[PDB]
Amino acid sequence: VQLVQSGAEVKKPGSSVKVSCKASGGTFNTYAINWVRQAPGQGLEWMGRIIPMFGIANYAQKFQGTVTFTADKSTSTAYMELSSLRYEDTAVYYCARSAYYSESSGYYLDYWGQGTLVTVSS
Amino acid sequence: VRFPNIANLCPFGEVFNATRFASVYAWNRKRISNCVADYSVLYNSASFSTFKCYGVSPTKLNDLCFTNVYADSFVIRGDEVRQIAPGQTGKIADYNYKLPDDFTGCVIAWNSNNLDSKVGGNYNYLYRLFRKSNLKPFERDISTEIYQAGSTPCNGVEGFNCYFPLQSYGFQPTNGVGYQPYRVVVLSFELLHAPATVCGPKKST
Amino acid sequence: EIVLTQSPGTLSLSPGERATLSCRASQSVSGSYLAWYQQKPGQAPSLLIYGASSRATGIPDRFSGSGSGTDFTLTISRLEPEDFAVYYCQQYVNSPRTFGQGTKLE
């Protein structure tokens, strides 16, 4: 219901960072977590989804090998790791939950976190 | 007759009275080996709604010598307890737990509505809605590979004609008896009296 | 890949009443598996509709989606003062959940 995440990362270029989207109770149980890159002044890009229960993370062709999705079953927290800060990597990283189950057939992002902006500095 | 006698009591209490039971697809198997058999506790308890013993009879004729007793525990919905019989077909039978047509054992099932239903629904128990093929007798599929239902490659993500193979039961405390959980402890016997590793409780030989 | 092209690129000019927000795809969206997301400025997009026309929880039914195949409509009965955000299109039909460019971006 509330997915408060990290704030802003003072990451000098080439330095890695890990995001910390926090799932409320029962979020992980029946819902996957999706990450959406929002580069400042562009459209929403779908980085991929992490299914916490079975530890399954699948990424798009663009972001493969550059980003890692992790979630902690205990403490119900979602994490995303950036391999290094490439010059174009500065973006507002979002987190949102989608049903992965066959019956619901929704696979759409119901609720979203506030946003985590990475940049060369602050 | 020729059975040895092991003072070690068989841990059927461990299997039946366990705190947490597994899902049907990931059916948990325990091997009951080298212990004297307790079967009358099961027979006389009578709180086990289904006590269907194929092969061996459930009317106090199972004081037999067994070389190997395999215990399988899973939690399923009430409407599919009939499904897990030898030579029966359904979703649970062909995708989650298949019983051999020559099953010589006891399908034991009782209500766990208080224990295994949680307010707001219990989604801890899964089941395989779709799978490429029917499951073979005594085979556990733990694969999470996205089921294909269309020409489009699933690419690892779900969508049209691509579904997550597993689905949640979702037992609710106020729900129909058909929709309430039944813990099932399938007991698979081998009925070999010559090795008789699983001791019978009768007087020795 | 299923790409999406939102046609009315800029409608944040305070338009009046009905707006025919559109989105079309190279291969027809199958199963009406499209959703609309409202990105209010300074905030994260909130689901506005899903499916072809299935309205979201806590959203007024005035927002509808008249989509056939690819969902190429999003109709707001009145453009209320609050509702002047950037509405997005997303498809989940077996692709990397590609989005649109946005429709009411100042």
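Look a little higher up for the structure.
Residues numbered from 1 in each chain as written, not as in the entry; some residues may be left out. Chains lettered and ligands numbered in written order. Heavy atoms only, no water. Residues with missing side-chain atoms left out of burial classes, pairs and counts.

Draft legend 1. Here's a closer look at the overall build of chain C. For chain C, the count of helices and strands is zero helices and eight strands. When its helices and strands are written in sequence order, chain C yields β-β-β-β-β-β-β-β. In terms of overall size, chain C behaves like a compact globule, its C-alpha atoms giving a radius of gyration of 13 Å where 106 residues would be expected to give roughly 13 Å. Dimensions of chain C, computed from the C-alpha atoms along their principal axes, are close to 35 × 25 × 25 Å. Within the span of chain C, comprising 106 residues, buried residues form 55% of the whole. Taking the intrachain contacts of chain C between residues at least 6 apart in sequence as the baseline, contacts between residues at least 24 apart amount to 56%. Carbon together with sulfur atoms contributes 51% to the accessible area of chain C, which is approximately 4500 Å² in total. In chain C, which carries 8 positive and 8 negative side-chain charges, the distance between the mean positions of the two groups comes to 2 Å. (Helix = DSSP H or I, 4+ residues; strand = E, 2+ residues; numbered from the N terminus. Rg over C-alpha atoms; globule rule 2.2 N^0.38 Å. Buried < 20%, exposed > 50% of the residue type's maximum accessible area, 1.4 Å probe, protein only. Contact = heavy atoms within 4.5 Å. Areas by Shrake-Rupley, 256 points an atom, 1.4 Å probe, with all protein chains shown as cover. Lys, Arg positive; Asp, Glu negative; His and termini not counted. Charge placed at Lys NZ, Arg CZ, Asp CG, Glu CD.)

Draft legend 2. Highlighting the pattern of salt bridges. Counted under the stated rule, the structure contains 17 salt bridges over all chains. Among the salt bridges present, the one from B:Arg128 reaches B:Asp141, with a minimum N-O distance of 3.3 Å. Of the two residues, B:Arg128 is situated in strand β5 (residues 126-128) and B:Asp141 in the loop between β5 and β6 (147-148); the sequence distance between them amounts to 13 residues. Summarising the burial analysis for this pair, B:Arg128 and B:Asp141 share the class buried. The salt bridge involving B:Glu158 is made with C:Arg97; its shortest N-O contact spans 3.3 Å. With one member in each of two chains, B:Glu158 in the loop between β6 and β7 (162-163) and C:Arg97 in the segment after β8 (86-91) form a pair that bridges those chains. Connected through salt bridges with shared partners, the residues B:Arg128, B:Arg131, B:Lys132, B:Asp141 and B:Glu145 form a single ionic network. (Salt bridge = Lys/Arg side-chain N within 4 Å of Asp/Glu carboxyl O.)

Draft legend 3. Geometry of the state of the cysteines. Residues and elements named next belong to chain B. A complete count under the given rule lists five disulfides over all chains for this structure. Disulfide pairing is shown between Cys10 and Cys35; the S-S distance is 2.0 Å. Looking down the S-S bond of the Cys10 and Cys35 bridge, the torsion is 95°, so its handedness is right-handed. Taken together, the residues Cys10 in the segment before α1 (12-16) and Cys35 in the loop between β1 (28-32) and α2 (40-45) connect sequence positions 25 residues apart. Of the two residues, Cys10 and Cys35, both sit in the buried class. Left unpaired, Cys65 is separated from the closest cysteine sulfur, that of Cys199, by 7.2 Å. Residue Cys65 is classed as buried on the basis of its relative accessible area, which comes to 7%. (Disulfide = S-S within 2.5 Å.)

Draft legend 4. View of the interface of chain A and chain B. Contacts between the two partners involve twelve residues from chain A and, on the opposite side, 16 residues from chain B. Taking both sides of the interface into account, the surface hidden between chain A and chain B amounts to around 1400 Å²; carbon and sulfur atoms contribute 61%. Here B:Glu158 ties to A:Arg49 by a salt bridge, and the two come within 2.9 Å at their closest N and O atoms. Run the count over chain A and chain B and you get five residue pairs in polar contact. Counting residues per element, the ones that place at least two in the side of chain A that touches chain B are β5 (44-51) and β6 (56-59) of chain A. (Buried area = accessible area lost by both parts, 1.4 Å probe. Polar contact = N/O pair within 3.5 Å; in protein donor to acceptor, adjacent residues only side chain to side chain.)

Draft legend 5. Quick peek at the sheet that holds strand β9 (residues 92-99) of chain A. All names here are of chain A. Taken in spatial order, the six strands make up an open sheet running β1-β10-β9-β4-β5-β6, and their pairing is mixed. Looking at the sheet topology across the chains shown, the edges are occupied by β1 (8-10) and β6. Each neighbouring strand pair of the sheet contributes to a mean axis angle of 25°, computed without reference to strand direction. Bridge count for β1 against strand β10 (residues 116-119) is three bridges, and the pairing is parallel. Counterpart to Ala8 in the pairing with β10 is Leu117. (Pairing = 2+ DSSP bridges. Axes fitted to C-alpha atoms, helices over the stretch in contact; angles between N-to-C directions.)

Draft legend 6. Inspection of the interface of chain A and chain C at higher detail. With 19 residues of chain A at the interface, the matching set in chain C holds 17 residues. Across the interface of chain A and chain C, roughly 1500 Å² is buried in total on both sides, 62% from carbon and sulfur atoms. Three residues stand out in chain A for area buried against chain C, namely A:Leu44, A:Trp46 and A:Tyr108, and they jointly supply 40% of the buried area on that side. Our enumeration of links across chain A and chain C arrives at zero salt bridges. Counting every contact that joins chain A to chain C gives five residue pairs in polar contact. Those elements giving two or more residues to the side of chain A that touches chain C turn out to be β4 (31-38), β5 and β9 of chain A. Per element, the largest residue contribution to the side of chain A that touches chain C is three residues, and it comes from β4(A).

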